[PDB]
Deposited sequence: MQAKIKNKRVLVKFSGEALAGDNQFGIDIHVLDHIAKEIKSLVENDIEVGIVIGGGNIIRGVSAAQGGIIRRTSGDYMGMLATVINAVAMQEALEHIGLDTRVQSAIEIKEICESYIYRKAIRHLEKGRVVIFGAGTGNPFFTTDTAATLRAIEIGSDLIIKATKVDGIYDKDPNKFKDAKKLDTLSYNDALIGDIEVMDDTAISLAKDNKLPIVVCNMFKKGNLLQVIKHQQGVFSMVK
């Protein structure tokens, strides 16, 4: 059981080829990766963004986004339970009919008993990015690391798309990320991780077995900030 991880996905990751909605096939693929972790006695928390769903002001937009993250968390819970994984959803905003509220002592108990816990509604506050919410939750549950799953193999010195001469950095420091043209997460997220010495792994979610390799073996394909 010992190993404990927080896996963060963007909402867009659930949409598939399309720009919006939930692709049940993407969801099912994600569920199987998480199952590989659970079956290996790795304890798993999950944070999902809302970008696949979300005149309109910043604060309102952010609250709508938080609701979207809960819709995604519920859809994910269904996908995981569908393949026999015991799953709990805890929201930073109380929505009692639909999911549990975030309660520290309950989250820890869930993880100790081998449930996957999905955190919705971020920190429950607008203006904080999904990355920051995920980093906060990772630290709160005593995670060994946070994995930011992205469409890309890892962290590059310049966008890989253009120019195509961009190079993958296997490892870098919190300061490399904070003071650099290279975005890993926003500054607030990086700072929070830095000040709690939370290692950040960036990798591609959809390489089969990759999460398991990163967590259990410190292998696979990834970049790490620490």
Report summary line: Compared with the full deposited sequence, the modelled chain skips 1 to 5, 60 to 68
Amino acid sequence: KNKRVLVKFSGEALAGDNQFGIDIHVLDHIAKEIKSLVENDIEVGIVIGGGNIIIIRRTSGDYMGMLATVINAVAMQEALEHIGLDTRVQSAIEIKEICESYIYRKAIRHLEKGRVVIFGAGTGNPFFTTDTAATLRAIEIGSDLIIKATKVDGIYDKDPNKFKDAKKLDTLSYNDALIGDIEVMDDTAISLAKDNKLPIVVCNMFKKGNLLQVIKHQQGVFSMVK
From here on, numbers count along this sequence of modelled residues.
Query raised in the report: When the C-alpha temperature factors are averaged for each of 116 to 124 and 147 to 155, which stretch ends up with the higher value in the entry?
Result: 147 to 155
Report summary line: Once average C-alpha B-factors are taken from the entry for 78 to 86 and 93 to 101, the winner is 78 to 86
Query - Of the residues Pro160, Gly61, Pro199, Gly50, the one carrying the largest Cα B-factor as recorded - result: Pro160
Report task. Name the one of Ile34, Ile46, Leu178, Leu67 with the greatest CA B-factor according to the PDB entry. Result -> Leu178
Query - Ranked C-alpha temperature factor of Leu6 among modelled chain residues, by third - result: lowest
